[PDB]
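Trainee: Got a structure for you, questions after.
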Amino acid sequence: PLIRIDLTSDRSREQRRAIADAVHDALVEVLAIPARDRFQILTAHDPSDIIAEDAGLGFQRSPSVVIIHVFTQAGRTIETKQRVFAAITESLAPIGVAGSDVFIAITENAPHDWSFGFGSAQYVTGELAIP
Amino acid sequence: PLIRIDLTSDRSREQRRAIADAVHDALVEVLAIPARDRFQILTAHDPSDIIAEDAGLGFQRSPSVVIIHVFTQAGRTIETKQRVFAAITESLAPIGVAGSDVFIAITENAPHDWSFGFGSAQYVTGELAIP
Amino acid sequence: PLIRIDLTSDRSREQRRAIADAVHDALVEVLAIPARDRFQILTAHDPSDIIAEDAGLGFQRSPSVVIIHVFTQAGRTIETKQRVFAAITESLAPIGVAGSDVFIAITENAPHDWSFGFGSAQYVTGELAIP
């Protein structure tokens, strides 16, 4: 999967990488993807450029929101997705991201929508196995 | 829905916020989503890093382009999507964004593809109602 | 299509622009979209903010990775996509992007999910021809 992580500049570079390592670890744990199946883009913003309210659920976030947008091939069940959300958030708590401050989205495509390099579609050529 | 707003750094922080407010008000109006269902990432770029032509439709833009990418759950009609486009653009006109300079894309997923916080899938658990 | 190109800040503005030209030419060649059907967002990051390993395929990348995310209408066949992946990658080699540092993903929607300006959905009204 390709993960876009958008967070705020008040967080140190060290914590940004901890955040990314945690998100990856969680995905490996729950999806059982190769440990080197890691593709992430981290973008830091001024806090005012991320606006994430509470959807009417009655809680408050700090300004240090972390938005995690997972682009991944279809196939995973609802329950597997619930576990993804849980593991990501649980992995982040001990490195300093509160549960209230994490927002996660999943967007799906097919195995034939990926190229990992060299102009090749490795799921189509079978150079990479499909989960 | 999760809205990525990509615009140009020459716009002031106030006009940036106004643009975000306008997109949000437009979606509330047309989609009848909760007022606090507001999730937005604004990213400012140097004007040269956004390239948006006309697809051969026969018009020109200024460099102050605003690209709006709406990630929302499936289920809205074609006609409703048109009302969204129209509303977003109309709302942005008085804020200093010309019709020529707006570009909007919609990418869909399902309700189970969302976590609004706390590592929970609120639509799946029933904590939030699915429109 | 809307193309998000994320790359690293070591690359010059000239090369960034040549990369964007290359990707667009490849897409015109393979997809046969109008020459001015060009919509791209180019974002430069600290090298440490883009992490792209090898999916366990047994190669190394330079830190100067280029991620290309194509958001486009559904309909293109598996082979057309394979052709896109290849055209893009070979277009970039001469301008200085090694085939090991290119990662491409495609995420699909429908013709009624686009507005090219003026609050109108041009594929739906007929003003723009469906590819």
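By order in the structure tokens, chains are A, B, ...; within a chain, residues start at 1; ligands start at 1, following the order shown.
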Only residues of chain C matter here; which ones have an atom within 6 Å of chain A, counting only C-alpha atoms? Give them as a count of residues only.
Mentor: 19
Trainee: DSSP says alpha helix (DSSP H) for which residues of segment 4-118 of chain A? Put them as a PyMOL selection string?
Mentor: chain A and resi 13-31+78-92
Trainee: Just want the 9 Å neighbourhood of residue 25 of chain C, counted on only C-alpha atoms, with same-chain residues fewer than 3 positions away dropped. Output as a PyMOL selection string.
Mentor: chain C and resi 20-22+28-30+35+87-88+91
Trainee: Can you measure atom CA of residue 129 of chain C to atom CA of residue 70 of chain C for me? One decimal in Å is fine.
Mentor: 19.5 Å
Trainee: Apply DSSP to the structure's backbone, then extract all residues of chain C labelled strand (DSSP E or B) and return them as a ChimeraX atom specification.
Mentor: /C:2-8,39-45,50-52,66-73,102-109,114-115,117,120
Trainee: Okay, now the selection with C-alpha atoms, as a PDB file, in the first residue's frame?
Mentor:
ATOM      1  CA  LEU C   2      -5.069  14.349 -12.127  1.00  0.00           C
ATOM      2  CA  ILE C   3      -1.461  13.467 -11.352  1.00  0.00           C
ATOM      3  CA  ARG C   4       0.225  13.912  -8.001  1.00  0.00           C
ATOM      4  CA  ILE C   5       3.961  13.766  -8.355  1.00  0.00           C
ATOM      5  CA  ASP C   6       5.886  13.639  -5.110  1.00  0.00           C
ATOM      6  CA  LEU C   7       9.657  13.791  -5.222  1.00  0.00           C
ATOM      7  CA  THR C   8      12.671  15.056  -3.300  1.00  0.00           C
ATOM      8  CA  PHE C  39      -3.481  18.465 -14.412  1.00  0.00           C
ATOM      9  CA  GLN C  40      -0.530  17.953 -12.166  1.00  0.00           C
ATOM     10  CA  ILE C  41       0.526  18.776  -8.629  1.00  0.00           C
ATOM     11  CA  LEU C  42       4.218  18.516  -8.019  1.00  0.00           C
ATOM     12  CA  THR C  43       5.351  18.425  -4.389  1.00  0.00           C
ATOM     13  CA  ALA C  44       8.972  18.371  -3.226  1.00  0.00           C
ATOM     14  CA  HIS C  45       9.864  16.865   0.153  1.00  0.00           C
ATOM     15  CA  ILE C  50       9.593   9.910   1.283  1.00  0.00           C
ATOM     16  CA  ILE C  51      10.267   6.284   2.148  1.00  0.00           C
ATOM     17  CA  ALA C  52      10.099   3.782  -0.679  1.00  0.00           C
ATOM     18  CA  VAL C  66       9.754   9.824  -7.478  1.00  0.00           C
ATOM     19  CA  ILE C  67       6.189   8.807  -6.658  1.00  0.00           C
ATOM     20  CA  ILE C  68       3.545   9.257  -9.285  1.00  0.00           C
ATOM     21  CA  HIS C  69      -0.099   8.846  -8.396  1.00  0.00           C
ATOM     22  CA  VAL C  70      -2.558   8.908 -11.205  1.00  0.00           C
ATOM     23  CA  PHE C  71      -6.166   9.604 -10.461  1.00  0.00           C
ATOM     24  CA  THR C  72      -8.160   8.806 -13.589  1.00  0.00           C
ATOM     25  CA  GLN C  73     -11.465   7.518 -14.985  1.00  0.00           C
ATOM     26  CA  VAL C 102      10.012   5.394  -9.922  1.00  0.00           C
ATOM     27  CA  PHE C 103       6.868   4.250  -8.157  1.00  0.00           C
ATOM     28  CA  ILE C 104       3.482   4.649  -9.774  1.00  0.00           C
ATOM     29  CA  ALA C 105      -0.034   4.060  -8.550  1.00  0.00           C
ATOM     30  CA  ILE C 106      -3.442   4.408 -10.160  1.00  0.00           C
ATOM     31  CA  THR C 107      -6.692   5.192  -8.371  1.00  0.00           C
ATOM     32  CA  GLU C 108      -9.899   5.256 -10.318  1.00  0.00           C
ATOM     33  CA  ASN C 109     -13.233   7.082 -10.424  1.00  0.00           C
ATOM     34  CA  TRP C 114     -14.695  15.540 -12.544  1.00  0.00           C
ATOM     35  CA  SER C 115     -15.096  19.294 -12.890  1.00  0.00           C
ATOM     36  CA  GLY C 117     -13.772  24.564 -14.103  1.00  0.00           C
ATOM     37  CA  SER C 120     -19.697  22.293 -14.489  1.00  0.00           C
TER      38      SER C 120
END
Trainee: For a test of reading the model, state the distance in Å between atom CA of residue 77 of chain B and atom CA of residue 123 of chain C, rounded to one decimal.
Mentor: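 A separation of 14.9 Å between them.
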Trainee: What does the distance between atom CA of residue 130 of chain C and atom CA of residue 82 of chain B come to in Å, to one decimal place?
Mentor: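 Between these atoms lies a distance of 16.7 Å.
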Trainee: Using only C-alpha atoms, can you tell me which of B:131, B:126, B:96, B:75 comes closest to residue 18 of chain B?
Mentor: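 Of B:131, B:126, B:96, B:75, the one nearest residue 18 of chain B, counting only C-alpha atoms, is B:96.
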